[PDB]
Each structure stands twice: as C-alpha cells, then as structure tokens.
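Since the structure comes first, as structure tokens, the remarks are kept for the end.
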Protein chains: 2
Amino acid sequence: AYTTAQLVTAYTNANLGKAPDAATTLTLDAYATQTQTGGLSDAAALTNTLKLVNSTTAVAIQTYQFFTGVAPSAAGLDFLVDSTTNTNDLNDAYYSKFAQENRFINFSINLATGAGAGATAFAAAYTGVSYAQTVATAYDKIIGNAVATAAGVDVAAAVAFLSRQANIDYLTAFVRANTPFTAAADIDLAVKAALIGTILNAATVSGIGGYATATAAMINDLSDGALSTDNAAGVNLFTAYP
Amino acid sequence: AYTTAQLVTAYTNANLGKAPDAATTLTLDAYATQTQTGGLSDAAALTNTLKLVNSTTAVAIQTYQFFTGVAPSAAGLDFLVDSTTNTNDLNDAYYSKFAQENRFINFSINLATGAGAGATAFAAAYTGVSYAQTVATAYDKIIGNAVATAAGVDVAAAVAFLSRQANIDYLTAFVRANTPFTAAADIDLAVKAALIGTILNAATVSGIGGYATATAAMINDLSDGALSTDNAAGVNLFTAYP
Ligand SMILES: [Ca+2]
Ligand SMILES: [Ca+2]
Ligand SMILES: [Ca+2]
Ligand SMILES: [Ca+2]
Ligand SMILES: [Ca+2]
Ligand SMILES: [Ca+2]
C-alpha cells in the first residue's frame with residue numbers, strides 16, 4: 001500500500017527532478033487508493049507510475065544505447081531530461097508540442113546524421129543497404145525475432161508495413177522539409193535513422209523485446225533516487241541489467 | 001553472449017578470409033544483441049552465422065566428397081573459395097550472378113563429366129542406368145531413407161517429383177545450351193550429374209541427412225581459424241566427424 005506522497009517521489013526521481021503536472025497527480029492518487037483497497041498489487045502500481053515517464057526519459061536511454069552503444073550516465077541524463085543548464089531539454093518548453101513519436105525521431109536524427117556522437121559509425125554501417133533490409137535487421141536487433149513470435153505478434157506483417165512505399169515517401173518529405181539536408185545521400189541516410197526511431201517507439205509502447213525490458217529496469221533503479229551502476233562515462237544496459 | 005566482433009571473425013574464417021558485406025554485418029549484429037538480452041542461446045547464434053556461409057563453402061565441401069570421395073584440404077578450400085591466385089573463385093566476380101542452386105549444378109558438372117577428377121569413376125558407375133534409379137539411389141545415399149521418414153518428409157512424393165518428365169526436359173535443354181557437349185551419351189551423363197547436384201542443394205537447405213550434418217561440423221571446426229583434421233591430400237568427412 002503506497003501513500004500518494006510516495007508515488008510522486010517515485011515519479012519525480014524517474015523524471016530526474018521534474019515535479020508532475022496537476023492532472024497526473026490525480027492519476028497517481030488513484031493508483032495509491034487502489035492499493036489501499038487491494039484492487040491493485042504493489043508492483044503493478046509502481047510500474048504504471050513509471051510508464052508515465054516514457055516520453056521524457058525512456059527516449060534518452062533507448063536512443064543513446066542504439067547509436068552510441070551506451071546509455072547516458074545519471075549526470076548526463078539530468079542534462080538531457082531536466083536541468084538548469086540546458087535551456088531546452090526534454091521536459092521543457094521547446095519540446096512541449098512534440099508527441100511521443102516525434103521525440104524519438106528527433107533524438108535519432110540528432111545522434112545519427114549530424115555532428116552527433118554516432119554519425120561516423122552509423123554512416124559506415126548503413127551505407128549501401130536498402131530500406132527493406134534496414135528495417136528487417138533493426139526489427140530483430142530491438143524487438144527480437146523469436147521473442148515477437150512467441151509474444152504472438154506476426155513479424156512478417158509488421159516489417160512489410162514499415163517498409164511499404166507509402167511510408168518511405170512520407171518520411172522523405174518529412175526529412176526534406178525539417179532537416180537542413182539537400183544532398184541525395186544524407187537524406188537517404190536520415191530516412192533510415194527515422195525508421196529505426198519509429199521502431200524504438202513501437203518497442204517501448206508494447207513492452208516486448210530486449211531494449212524495452214532493460215530500459216524499464218534502469219528506470220526502476222533510477223526511481224529511488226540513486227543509480228547503482230552509475231559509471232562516469234556511460235552505463236551499458238545489457239551488461240548491467242541481465 | 002557474443003560481441004558482434006566475434007561473430008564477424010567466426011564468419012570470416014568460415015568464408016576462408018572473405019570479410020562479410022555491409023548488409024550481413026547488420027544481420028550478425030542482431031544475432032549478437034539477441035544473446036546479450038537472452039532472447040537467443042549461444043550455440044543458436046553461432047549456427048545461424050555459419051548458415052550464411054552455405055553458398056560459398058558448403059558447395060565446395062559437399063560436391064567434392066560426393067564425386068571424388070574426399071572433401072578438399074584447408075589449403076585446397078582456400079583455393080576454391082577465397083584466394084589471390086584463383087582469379088575466379090566462389091566468393092568472387094564470376095559467380096556473383098549464380099544463385100545457390102546453380103552453384104551446386106556448376107560444381108557437379110565440372111567434377112563429373114569433364115576432364116575433372118571424378119570423370120573416369122562417375123562415368124563407369126552411372127552408365128546404362130535410368131533417370132528414375134539415378135535419383136532414387138542418390139536420394140538414399142545423401143539424405144538417407146530411414147532418416148527422412150522419421151524426420152517426417154515423405155520420400156516417395158519427393159523422388160517422384162525429381163524424376164517427373166517435365167524436370168528432365170528442363171535440364172536437357174539447360175545442359176545442351178550451357179555445356180559444350182553435342183554427343184548423345186555425354187548429355188545423358190551430364191543430366192544425371194545435374195540431378196545429384198539438385199539433391200545436394202535440397203539436402204543442405206533442410207539440414208536433414210548424413211551429408212548435411214557432417215559438412216556442418218566441418219564448417220564449425222573451420223570457424224575458429226584452424227582445421228584439426230587437415231590431412232594434406234584431403235579429409236574424408238565420415239571418418240573424421242562421426
Ligand atoms: Ca534536476
Ligand atoms: Ca531547463
Ligand atoms: Ca538504486
Ligand atoms: Ca584467403
Ligand atoms: Ca580471388
Ligand atoms: Ca579447430
């Protein structure tokens with residue numbers, strides 16, 4: 001049985017010091033009183049609280065891992081998610097009109113195709129490969145192929161959907177309008193980045209797959225105020241949370 | 001848990017020093033990260049890596065064994081698969097437009113009907129025997145008859161399929177067009193060679209049978225850089241890997 005004042009601290013630390021909106025406070029309060037009456041277990045209530053921190057936090061953990069091979073340190077996360085120093089950060093004014101999806105896509109393009117940390121590596125790895133293959137291989141890296149089938153979702157139908165011509169056309173226009181790229185190679189390269197972003201979203205929303213399960217456990221550890229692993233130059237998800 | 005840099009060395013040695021394409025690197029990378037998250041066992045990941053070396057390598061091991069009675073030595077394999085000296089080799093320019101199937105057929109005709117090593121022996125063994133019998137006996141030699149039935153595949157339906165008149169007609173035209181044979185006996189002889197080739201393909205793609213299981217174990221041994229058996233004048237599969 002959690003007091004509503006415990007669920008707010010659990011939410012605050014997950015959001016790295018951003019105190020929840022008036023609306024969500026009411027949501028948390030419901031989760032509290034549903035545990036006092038035994039209509040909800042303890043672990044269940046805490047999971048739902050941390051599900052609300054998806055857009056703000058999970059966006060920074062997951063993308064950093066996929067592109068740079070390592071999730072950001074606690075100190076680093078602070079900077080990306082909720083800080084005094086970064087004027088524009090994930091839970092700040094700049095981003096208040098981006099949905100969940102467009103947040104993932106934003107982060108991806110930043111890290112991948114720019115002067116971002118992942119540019120040089122991602123540029124060499126995904127050169128001269130087709131849209132179809134980009135999606136198929138990435139799907140398996142993130143969500144697993146065996147895991148998805150056991151979970152009951154049909155892989156083939158999903159991969160086909162992501163790589164259909166209509167989808168690719170939509171992104172091409174999107175990337176051309178938004179990003180300052182004009183070269184034919186860089187646009188091609190950025191579209192792939194946006195696709196992987198779309199997959200990361202699709203993963204974190206369903207809870208299936210290796211990436212999603214590890215990120216969940218990192219946020220759980222981050223909940224109580226202190227991050228146990230907290231290597232100075234980044235925490236590799238798959239090492240730390242088996 | 002394999003690092004993606006381990007799976008590439010495992011692939012490279014199997015391909016005898018040919019470094020994988022950009023596309024396949026992405027495939028291997030997925031297999032790595034699926035072992036770090038425990039959505040895939042270790043042995044399973046390594047098998048799938050070596051499954052990718054089928055077209056290049058397994059083609060040289062299996063055909064040599066069937067026609068000359070012995071798989072090529074490590075030094076020999078180098079020459080056939082990936083070398084400086086042989087301008088045209090299996091993982092080189094000449095063969096880049098042949099599918100898996102047409103590779104098997106190519107190797108078979110070479111070794112069997114030409115001035116190839118197997119010509120004299122294969123010529124005496126398969127003279128004055130019908131298409132039906134050629135297929136039936138070969139099926140049993142390669143895939144086993146008991147083994148296939150236990151595996152659940154119905155033998156009778158498969159053998160009939162391979163020896164139907166339509167199939168024979170297709171090959172006759174194929175052999176006439178491609179190979180420099182004009183005599184009525186040599187064409188007949190080459191068609192049989194092409195049939196056995198087709199069976200070798202059908203074997204290595206399903207994983208059933210004695211030939212396929214032994215070739216798999218030879219490639220596994222070849223994976224780590226050094227071939228244990230490595231007799232100078234050839235390795236007999238069935239002796240070395242029981
Ligand atoms: Ca803070
Ligand atoms: Ca701020
Ligand atoms: Ca902790
Ligand atoms: Ca070599
Ligand atoms: Ca060569
Ligand atoms: Ca060895």
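How things are named: the first chain in the structure tokens is A, the next is B, and so on; residues count from 1 in each chain; ligands count from 1 in the order shown.
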
Go through the chains and note each residue within 12 Å of ligand 2, using only C-alpha atoms and all ligand atoms, then give the set as a ChimeraX atom specification. /A:16-18,78-95

Could you give me, as a VMD selection string, every polymer residue with an atom at most 8 Å away from an atom of ligand 3, counting only C-alpha atoms and all ligand atoms? chain A and resid 220 to 228

7 Å contacts from chain A to chain B using only C-alpha atoms, as a list in words: residues 125, 129, 137, 140, 141, 144, 147, 210, 238 and 242 of chain A

Now that the selection is made, can you save its residues with C-alpha atoms as a PDB file, in the first residue's frame?
```pdb
ATOM      1  CA  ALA A 125      27.396   0.758 -41.107  1.00  0.00           C
ATOM      2  CA  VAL A 129      21.884  -1.091 -47.853  1.00  0.00           C
ATOM      3  CA  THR A 137      17.636  -6.207 -39.311  1.00  0.00           C
ATOM      4  CA  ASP A 140      15.352  -8.125 -34.965  1.00  0.00           C
ATOM      5  CA  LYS A 141      18.052  -6.183 -33.099  1.00  0.00           C
ATOM      6  CA  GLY A 144      13.912  -9.863 -31.284  1.00  0.00           C
ATOM      7  CA  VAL A 147      10.578 -13.222 -28.908  1.00  0.00           C
ATOM      8  CA  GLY A 210      15.255  -6.744 -25.107  1.00  0.00           C
ATOM      9  CA  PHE A 238      22.912  -5.227 -21.363  1.00  0.00           C
ATOM     10  CA  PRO A 242      20.718  -9.017 -17.218  1.00  0.00           C
TER      11      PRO A 242
END
```

In region 11-82 of chain B, what's helix (DSSP H, G or I) per DSSP? Answer as a ChimeraX atom specification? /B:11-14,22-36,42-51,54-68,74-81

Hey, can you spit out that residue selection with C-alpha atoms as a PDB file, in the first residue's frame?
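Output saved as selection_9.pdb:
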```
ATOM      1  CA  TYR B  11      32.092 -15.754 -40.329  1.00  0.00           C
ATOM      2  CA  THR B  12      35.411 -14.701 -41.880  1.00  0.00           C
ATOM      3  CA  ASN B  13      37.225 -17.952 -41.098  1.00  0.00           C
ATOM      4  CA  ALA B  14      34.276 -19.985 -42.407  1.00  0.00           C
ATOM      5  CA  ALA B  22      27.778  -4.371 -45.169  1.00  0.00           C
ATOM      6  CA  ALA B  23      24.272  -5.899 -45.182  1.00  0.00           C
ATOM      7  CA  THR B  24      25.243  -9.160 -43.433  1.00  0.00           C
ATOM      8  CA  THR B  25      27.267  -7.300 -40.797  1.00  0.00           C
ATOM      9  CA  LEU B  26      23.903  -5.858 -39.749  1.00  0.00           C
ATOM     10  CA  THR B  27      22.449  -9.369 -39.645  1.00  0.00           C
ATOM     11  CA  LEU B  28      25.278 -10.639 -37.419  1.00  0.00           C
ATOM     12  CA  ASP B  29      24.946  -7.596 -35.162  1.00  0.00           C
ATOM     13  CA  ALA B  30      21.302  -8.510 -34.485  1.00  0.00           C
ATOM     14  CA  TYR B  31      22.370 -12.050 -33.510  1.00  0.00           C
ATOM     15  CA  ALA B  32      24.892 -10.585 -31.059  1.00  0.00           C
ATOM     16  CA  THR B  33      22.488  -8.257 -29.241  1.00  0.00           C
ATOM     17  CA  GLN B  34      19.916 -11.034 -29.127  1.00  0.00           C
ATOM     18  CA  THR B  35      22.367 -13.027 -26.996  1.00  0.00           C
ATOM     19  CA  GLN B  36      23.174 -10.159 -24.649  1.00  0.00           C
ATOM     20  CA  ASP B  42      24.906 -19.045 -27.655  1.00  0.00           C
ATOM     21  CA  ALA B  43      25.007 -22.192 -29.816  1.00  0.00           C
ATOM     22  CA  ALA B  44      21.924 -20.999 -31.729  1.00  0.00           C
ATOM     23  CA  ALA B  45      23.560 -17.685 -32.698  1.00  0.00           C
ATOM     24  CA  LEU B  46      26.739 -19.378 -33.933  1.00  0.00           C
ATOM     25  CA  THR B  47      24.772 -21.856 -36.073  1.00  0.00           C
ATOM     26  CA  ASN B  48      22.920 -19.031 -37.860  1.00  0.00           C
ATOM     27  CA  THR B  49      26.203 -17.251 -38.585  1.00  0.00           C
ATOM     28  CA  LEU B  50      27.583 -20.385 -40.198  1.00  0.00           C
ATOM     29  CA  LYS B  51      24.325 -20.932 -42.101  1.00  0.00           C
ATOM     30  CA  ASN B  54      26.325 -22.168 -47.194  1.00  0.00           C
ATOM     31  CA  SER B  55      26.542 -20.888 -50.780  1.00  0.00           C
ATOM     32  CA  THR B  56      30.277 -20.127 -50.675  1.00  0.00           C
ATOM     33  CA  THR B  57      31.735 -23.028 -48.711  1.00  0.00           C
ATOM     34  CA  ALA B  58      29.312 -25.932 -48.236  1.00  0.00           C
ATOM     35  CA  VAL B  59      29.165 -26.016 -52.063  1.00  0.00           C
ATOM     36  CA  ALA B  60      32.846 -26.992 -52.262  1.00  0.00           C
ATOM     37  CA  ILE B  61      32.855 -29.441 -49.346  1.00  0.00           C
ATOM     38  CA  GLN B  62      29.757 -31.392 -50.329  1.00  0.00           C
ATOM     39  CA  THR B  63      30.316 -31.795 -54.068  1.00  0.00           C
ATOM     40  CA  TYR B  64      33.972 -32.785 -53.742  1.00  0.00           C
ATOM     41  CA  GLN B  65      33.019 -35.522 -51.252  1.00  0.00           C
ATOM     42  CA  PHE B  66      30.267 -36.974 -53.407  1.00  0.00           C
ATOM     43  CA  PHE B  67      32.337 -37.227 -56.612  1.00  0.00           C
ATOM     44  CA  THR B  68      35.968 -37.744 -55.513  1.00  0.00           C
ATOM     45  CA  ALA B  74      42.100 -26.499 -45.837  1.00  0.00           C
ATOM     46  CA  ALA B  75      44.748 -25.303 -48.329  1.00  0.00           C
ATOM     47  CA  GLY B  76      42.560 -26.615 -51.175  1.00  0.00           C
ATOM     48  CA  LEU B  77      39.390 -24.985 -49.812  1.00  0.00           C
ATOM     49  CA  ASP B  78      41.239 -21.653 -49.757  1.00  0.00           C
ATOM     50  CA  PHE B  79      41.854 -22.011 -53.500  1.00  0.00           C
ATOM     51  CA  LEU B  80      38.220 -22.852 -54.333  1.00  0.00           C
ATOM     52  CA  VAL B  81      36.527 -20.350 -52.045  1.00  0.00           C
TER      53      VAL B  81
END
```

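With distances restricted to only C-alpha atoms, B:53 is the closest residue to residue 216 (chain B) from B:115, B:7, B:53, B:143.
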
Where does chain A end up after superposition onto chain B over all in-order Cα pairs? Give it as an mmCIF file with C-alpha atoms, in the first residue's frame.
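Contents of selection01.cif, freshly written:
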```
data_model
loop_
_atom_site.group_PDB
_atom_site.id
_atom_site.type_symbol
_atom_site.label_atom_id
_atom_site.label_comp_id
_atom_site.auth_asym_id
_atom_site.auth_seq_id
_atom_site.Cartn_x
_atom_site.Cartn_y
_atom_site.Cartn_z
ATOM 1 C CA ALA A 1 26.929 -13.668 -25.077
ATOM 2 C CA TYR A 2 28.904 -12.906 -28.234
ATOM 3 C CA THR A 3 30.245 -9.476 -29.106
ATOM 4 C CA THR A 4 29.407 -8.562 -32.724
ATOM 5 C CA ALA A 5 33.176 -8.516 -33.329
ATOM 6 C CA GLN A 6 33.382 -12.242 -32.504
ATOM 7 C CA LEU A 7 30.631 -13.276 -34.906
ATOM 8 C CA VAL A 8 32.427 -11.498 -37.758
ATOM 9 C CA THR A 9 35.655 -13.424 -37.136
ATOM 10 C CA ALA A 10 33.633 -16.657 -36.970
ATOM 11 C CA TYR A 11 32.092 -15.754 -40.329
ATOM 12 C CA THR A 12 35.411 -14.701 -41.880
ATOM 13 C CA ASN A 13 37.225 -17.952 -41.099
ATOM 14 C CA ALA A 14 34.276 -19.985 -42.408
ATOM 15 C CA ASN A 15 34.478 -17.960 -45.632
ATOM 16 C CA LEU A 16 38.267 -18.557 -45.575
ATOM 17 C CA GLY A 17 39.256 -14.897 -45.255
ATOM 18 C CA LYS A 18 36.471 -13.085 -47.112
ATOM 19 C CA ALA A 19 35.156 -10.272 -44.894
ATOM 20 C CA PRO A 20 31.310 -10.002 -44.849
ATOM 21 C CA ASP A 21 29.206 -7.498 -46.830
ATOM 22 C CA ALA A 22 27.778 -4.373 -45.169
ATOM 23 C CA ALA A 23 24.272 -5.901 -45.182
ATOM 24 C CA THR A 24 25.243 -9.161 -43.433
ATOM 25 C CA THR A 25 27.267 -7.301 -40.798
ATOM 26 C CA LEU A 26 23.904 -5.860 -39.749
ATOM 27 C CA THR A 27 22.450 -9.371 -39.645
ATOM 28 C CA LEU A 28 25.278 -10.640 -37.419
ATOM 29 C CA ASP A 29 24.946 -7.598 -35.162
ATOM 30 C CA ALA A 30 21.302 -8.512 -34.484
ATOM 31 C CA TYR A 31 22.371 -12.051 -33.509
ATOM 32 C CA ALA A 32 24.892 -10.586 -31.059
ATOM 33 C CA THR A 33 22.488 -8.258 -29.241
ATOM 34 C CA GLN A 34 19.916 -11.035 -29.126
ATOM 35 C CA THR A 35 22.367 -13.028 -26.996
ATOM 36 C CA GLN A 36 23.174 -10.160 -24.649
ATOM 37 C CA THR A 37 19.448 -9.958 -23.791
ATOM 38 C CA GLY A 38 18.946 -13.741 -23.529
ATOM 39 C CA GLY A 39 16.371 -13.929 -26.346
ATOM 40 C CA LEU A 40 18.739 -16.427 -28.032
ATOM 41 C CA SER A 41 21.202 -19.045 -26.743
ATOM 42 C CA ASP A 42 24.906 -19.045 -27.655
ATOM 43 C CA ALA A 43 25.007 -22.192 -29.816
ATOM 44 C CA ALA A 44 21.924 -20.999 -31.729
ATOM 45 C CA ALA A 45 23.559 -17.685 -32.698
ATOM 46 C CA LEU A 46 26.739 -19.378 -33.932
ATOM 47 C CA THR A 47 24.772 -21.856 -36.073
ATOM 48 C CA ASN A 48 22.920 -19.032 -37.860
ATOM 49 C CA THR A 49 26.203 -17.251 -38.585
ATOM 50 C CA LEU A 50 27.583 -20.385 -40.198
ATOM 51 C CA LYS A 51 24.325 -20.933 -42.100
ATOM 52 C CA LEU A 52 25.243 -17.795 -44.066
ATOM 53 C CA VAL A 53 28.401 -19.455 -45.440
ATOM 54 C CA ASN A 54 26.325 -22.169 -47.194
ATOM 55 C CA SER A 55 26.543 -20.889 -50.780
ATOM 56 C CA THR A 56 30.277 -20.127 -50.675
ATOM 57 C CA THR A 57 31.735 -23.028 -48.712
ATOM 58 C CA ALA A 58 29.312 -25.932 -48.236
ATOM 59 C CA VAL A 59 29.165 -26.016 -52.063
ATOM 60 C CA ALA A 60 32.846 -26.991 -52.263
ATOM 61 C CA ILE A 61 32.855 -29.440 -49.346
ATOM 62 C CA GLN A 62 29.757 -31.392 -50.329
ATOM 63 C CA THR A 63 30.315 -31.794 -54.068
ATOM 64 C CA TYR A 64 33.972 -32.784 -53.743
ATOM 65 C CA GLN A 65 33.019 -35.521 -51.252
ATOM 66 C CA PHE A 66 30.267 -36.973 -53.407
ATOM 67 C CA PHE A 67 32.337 -37.226 -56.612
ATOM 68 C CA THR A 68 35.968 -37.743 -55.514
ATOM 69 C CA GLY A 69 35.235 -39.471 -52.182
ATOM 70 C CA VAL A 70 37.020 -36.839 -50.072
ATOM 71 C CA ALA A 71 36.446 -33.212 -49.031
ATOM 72 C CA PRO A 72 39.241 -30.765 -50.049
ATOM 73 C CA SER A 73 42.026 -29.897 -47.582
ATOM 74 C CA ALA A 74 42.100 -26.498 -45.838
ATOM 75 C CA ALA A 75 44.748 -25.302 -48.330
ATOM 76 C CA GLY A 76 42.559 -26.614 -51.176
ATOM 77 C CA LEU A 77 39.390 -24.984 -49.812
ATOM 78 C CA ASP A 78 41.239 -21.653 -49.758
ATOM 79 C CA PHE A 79 41.854 -22.011 -53.500
ATOM 80 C CA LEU A 80 38.221 -22.852 -54.333
ATOM 81 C CA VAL A 81 36.527 -20.350 -52.045
ATOM 82 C CA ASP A 82 38.709 -17.267 -51.386
ATOM 83 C CA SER A 83 42.171 -16.787 -52.875
ATOM 84 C CA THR A 84 44.608 -14.386 -54.528
ATOM 85 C CA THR A 85 45.777 -16.984 -57.081
ATOM 86 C CA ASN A 86 42.428 -18.176 -58.457
ATOM 87 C CA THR A 87 41.142 -15.069 -60.245
ATOM 88 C CA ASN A 88 37.641 -16.566 -60.338
ATOM 89 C CA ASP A 89 36.591 -18.359 -57.151
ATOM 90 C CA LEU A 90 33.308 -18.965 -55.369
ATOM 91 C CA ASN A 91 33.138 -15.657 -53.481
ATOM 92 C CA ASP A 92 34.403 -13.653 -56.474
ATOM 93 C CA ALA A 93 33.117 -11.768 -59.530
ATOM 94 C CA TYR A 94 32.479 -14.679 -61.949
ATOM 95 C CA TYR A 95 29.924 -16.326 -59.656
ATOM 96 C CA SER A 96 28.130 -13.233 -58.317
ATOM 97 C CA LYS A 97 25.061 -13.836 -60.522
ATOM 98 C CA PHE A 98 24.609 -17.551 -59.786
ATOM 99 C CA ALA A 99 22.020 -18.451 -57.145
ATOM 100 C CA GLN A 100 22.683 -21.162 -54.543
ATOM 101 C CA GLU A 101 21.202 -23.862 -56.787
ATOM 102 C CA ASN A 102 23.127 -23.026 -59.963
ATOM 103 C CA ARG A 103 26.354 -23.079 -57.927
ATOM 104 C CA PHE A 104 25.811 -26.720 -56.929
ATOM 105 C CA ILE A 105 24.926 -27.644 -60.516
ATOM 106 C CA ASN A 106 28.024 -25.861 -61.814
ATOM 107 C CA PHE A 107 30.389 -27.667 -59.439
ATOM 108 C CA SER A 108 28.760 -31.042 -60.135
ATOM 109 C CA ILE A 109 29.077 -30.867 -63.930
ATOM 110 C CA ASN A 110 32.700 -29.677 -63.611
ATOM 111 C CA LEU A 111 33.842 -32.564 -61.403
ATOM 112 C CA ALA A 112 31.742 -35.260 -63.062
ATOM 113 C CA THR A 113 31.637 -35.094 -66.854
ATOM 114 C CA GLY A 114 34.639 -33.028 -67.954
ATOM 115 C CA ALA A 115 38.360 -33.593 -67.543
ATOM 116 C CA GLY A 116 37.508 -33.227 -63.834
ATOM 117 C CA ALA A 117 38.885 -35.512 -61.123
ATOM 118 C CA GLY A 118 35.693 -37.583 -60.880
ATOM 119 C CA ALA A 119 35.078 -38.143 -64.605
ATOM 120 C CA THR A 120 36.512 -41.647 -65.053
ATOM 121 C CA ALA A 121 34.838 -43.082 -61.933
ATOM 122 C CA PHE A 122 31.421 -41.416 -62.304
ATOM 123 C CA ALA A 123 31.404 -42.385 -65.998
ATOM 124 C CA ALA A 124 31.729 -46.107 -65.221
ATOM 125 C CA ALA A 125 29.324 -46.094 -62.276
ATOM 126 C CA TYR A 126 26.329 -44.347 -63.867
ATOM 127 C CA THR A 127 26.436 -45.872 -67.363
ATOM 128 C CA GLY A 128 23.299 -47.671 -68.540
ATOM 129 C CA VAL A 129 21.084 -46.756 -65.587
ATOM 130 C CA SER A 130 17.785 -44.859 -65.839
ATOM 131 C CA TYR A 131 16.898 -41.371 -64.596
ATOM 132 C CA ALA A 132 14.483 -42.863 -62.040
ATOM 133 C CA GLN A 133 17.151 -45.095 -60.460
ATOM 134 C CA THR A 134 19.826 -42.362 -60.561
ATOM 135 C CA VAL A 135 17.580 -40.162 -58.422
ATOM 136 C CA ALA A 136 16.266 -42.871 -56.062
ATOM 137 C CA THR A 137 19.690 -44.314 -55.133
ATOM 138 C CA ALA A 138 21.277 -40.864 -54.816
ATOM 139 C CA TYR A 139 18.446 -39.636 -52.583
ATOM 140 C CA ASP A 140 19.166 -42.524 -50.203
ATOM 141 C CA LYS A 141 22.949 -42.060 -50.330
ATOM 142 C CA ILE A 142 22.688 -38.369 -49.374
ATOM 143 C CA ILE A 143 19.556 -37.821 -47.291
ATOM 144 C CA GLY A 144 19.062 -41.384 -46.040
ATOM 145 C CA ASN A 145 15.768 -43.211 -46.484
ATOM 146 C CA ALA A 146 15.039 -44.164 -42.873
ATOM 147 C CA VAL A 147 16.200 -40.747 -41.630
ATOM 148 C CA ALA A 148 13.907 -38.804 -43.988
ATOM 149 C CA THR A 149 10.800 -40.777 -42.927
ATOM 150 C CA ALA A 150 11.484 -40.222 -39.202
ATOM 151 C CA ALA A 151 12.046 -36.509 -39.942
ATOM 152 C CA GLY A 152 8.517 -36.730 -41.356
ATOM 153 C CA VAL A 153 9.156 -35.866 -45.025
ATOM 154 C CA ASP A 154 7.596 -38.440 -47.377
ATOM 155 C CA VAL A 155 10.315 -39.949 -49.578
ATOM 156 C CA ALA A 156 8.130 -41.346 -52.384
ATOM 157 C CA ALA A 157 6.497 -37.984 -53.204
ATOM 158 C CA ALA A 158 9.898 -36.254 -53.338
ATOM 159 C CA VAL A 159 11.697 -38.814 -55.533
ATOM 160 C CA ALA A 160 8.769 -38.926 -57.990
ATOM 161 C CA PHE A 161 8.883 -35.115 -58.214
ATOM 162 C CA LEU A 162 12.595 -35.033 -59.103
ATOM 163 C CA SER A 163 12.210 -37.679 -61.827
ATOM 164 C CA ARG A 164 8.992 -36.397 -63.482
ATOM 165 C CA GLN A 165 9.360 -35.877 -67.245
ATOM 166 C CA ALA A 166 8.953 -32.071 -67.061
ATOM 167 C CA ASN A 167 12.030 -31.790 -64.800
ATOM 168 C CA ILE A 168 14.206 -33.982 -67.075
ATOM 169 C CA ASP A 169 13.177 -31.933 -70.130
ATOM 170 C CA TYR A 170 14.147 -28.674 -68.406
ATOM 171 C CA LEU A 171 17.646 -29.961 -67.572
ATOM 172 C CA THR A 172 18.176 -31.481 -71.033
ATOM 173 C CA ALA A 173 17.672 -28.035 -72.600
ATOM 174 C CA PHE A 174 19.768 -26.425 -69.842
ATOM 175 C CA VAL A 175 22.726 -28.786 -70.357
ATOM 176 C CA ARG A 176 22.508 -28.574 -74.157
ATOM 177 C CA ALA A 177 22.633 -24.754 -74.135
ATOM 178 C CA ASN A 178 25.327 -24.238 -71.499
ATOM 179 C CA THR A 179 27.816 -27.116 -71.636
ATOM 180 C CA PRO A 180 29.925 -27.801 -74.795
ATOM 181 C CA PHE A 181 28.503 -31.313 -75.281
ATOM 182 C CA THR A 182 26.870 -32.494 -78.515
ATOM 183 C CA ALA A 183 27.145 -36.300 -78.191
ATOM 184 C CA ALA A 184 24.020 -38.172 -77.058
ATOM 185 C CA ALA A 185 25.819 -40.116 -74.302
ATOM 186 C CA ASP A 186 27.639 -37.195 -72.647
ATOM 187 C CA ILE A 187 24.457 -35.103 -72.438
ATOM 188 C CA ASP A 188 22.661 -38.051 -70.791
ATOM 189 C CA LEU A 189 25.606 -38.369 -68.387
ATOM 190 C CA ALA A 190 25.663 -34.654 -67.514
ATOM 191 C CA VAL A 191 21.927 -34.561 -66.803
ATOM 192 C CA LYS A 192 22.440 -37.168 -64.066
ATOM 193 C CA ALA A 193 25.237 -35.027 -62.609
ATOM 194 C CA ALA A 194 22.866 -32.033 -62.541
ATOM 195 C CA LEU A 195 20.203 -34.116 -60.765
ATOM 196 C CA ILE A 196 22.577 -35.182 -57.971
ATOM 197 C CA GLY A 197 23.524 -31.503 -57.703
ATOM 198 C CA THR A 198 19.863 -30.596 -57.197
ATOM 199 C CA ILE A 199 19.635 -33.206 -54.427
ATOM 200 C CA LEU A 200 22.750 -31.826 -52.683
ATOM 201 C CA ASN A 201 21.084 -28.398 -52.603
ATOM 202 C CA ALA A 202 17.840 -29.895 -51.297
ATOM 203 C CA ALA A 203 19.846 -31.555 -48.514
ATOM 204 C CA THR A 204 21.875 -28.579 -47.281
ATOM 205 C CA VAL A 205 18.801 -26.326 -47.174
ATOM 206 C CA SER A 206 16.780 -28.583 -44.836
ATOM 207 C CA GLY A 207 19.609 -29.821 -42.581
ATOM 208 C CA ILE A 208 18.410 -33.456 -42.796
ATOM 209 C CA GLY A 209 20.723 -36.315 -43.753
ATOM 210 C CA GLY A 210 24.292 -37.564 -43.260
ATOM 211 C CA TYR A 211 25.985 -35.322 -45.853
ATOM 212 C CA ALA A 212 24.465 -32.123 -44.437
ATOM 213 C CA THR A 213 25.206 -32.923 -40.778
ATOM 214 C CA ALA A 214 28.869 -33.778 -41.418
ATOM 215 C CA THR A 215 29.504 -30.698 -43.579
ATOM 216 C CA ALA A 216 28.036 -28.556 -40.778
ATOM 217 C CA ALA A 217 30.525 -29.996 -38.268
ATOM 218 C CA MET A 218 33.455 -29.438 -40.632
ATOM 219 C CA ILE A 219 32.494 -25.761 -41.032
ATOM 220 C CA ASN A 220 32.159 -25.445 -37.241
ATOM 221 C CA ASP A 221 35.722 -26.758 -36.795
ATOM 222 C CA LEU A 222 36.923 -24.448 -39.575
ATOM 223 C CA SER A 223 35.297 -21.476 -37.796
ATOM 224 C CA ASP A 224 37.944 -20.871 -35.121
ATOM 225 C CA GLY A 225 40.785 -20.423 -37.637
ATOM 226 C CA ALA A 226 42.377 -23.893 -37.609
ATOM 227 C CA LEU A 227 41.172 -27.197 -39.067
ATOM 228 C CA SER A 228 42.000 -30.043 -36.668
ATOM 229 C CA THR A 229 41.971 -32.948 -39.156
ATOM 230 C CA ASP A 230 43.731 -31.178 -42.062
ATOM 231 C CA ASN A 231 45.174 -34.164 -43.905
ATOM 232 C CA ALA A 232 47.360 -32.880 -46.757
ATOM 233 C CA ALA A 233 45.626 -34.885 -49.510
ATOM 234 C CA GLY A 234 42.018 -34.461 -48.345
ATOM 235 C CA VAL A 235 39.740 -35.106 -45.350
ATOM 236 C CA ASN A 236 37.135 -37.872 -45.565
ATOM 237 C CA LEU A 237 34.072 -36.400 -43.821
ATOM 238 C CA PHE A 238 32.662 -39.624 -42.457
ATOM 239 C CA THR A 239 35.918 -40.788 -40.873
ATOM 240 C CA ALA A 240 36.788 -37.505 -39.187
ATOM 241 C CA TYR A 241 33.424 -36.252 -37.870
ATOM 242 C CA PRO A 242 31.348 -39.262 -36.584
#
```
